[PDB]
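In the form deposited without the DNA, a lone chain appears below as structure tokens.
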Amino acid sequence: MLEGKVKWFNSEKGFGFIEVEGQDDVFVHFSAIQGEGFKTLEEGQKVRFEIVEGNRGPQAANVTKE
């Protein structure tokens, strides 16, 4: 699992990007977020994730804060 910070995340629309130094920013959709409760992220929040890539291009998967 990679380590990133949430660059930004629009909490009402449910998407944003994850920073990871030395690499491109990674799109994160609300559906990638793990855990219980309301699926969202805040700015500057550290995360653990995977980059999955099919024919649509790379995005985040298995995003956990803690």
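For every residue, the number given is its place in the sequence shown, counted from 1.
Just so it is clear, the following notes concern the form deposited with the DNA bound, a form of the same protein that is not shown.
Under a 4.5 angstroms non-hydrogen atom cutoff, the DNA in the deposited bound form has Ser31 among its neighbouring residues. Remark: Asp25 counts among the residues lining the DNA in the deposited bound form, judged by a heavy atom distance of 4.5 Å or less. Among heavy atoms of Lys65, none comes within 4.5 Å of the DNA in the deposited bound form.
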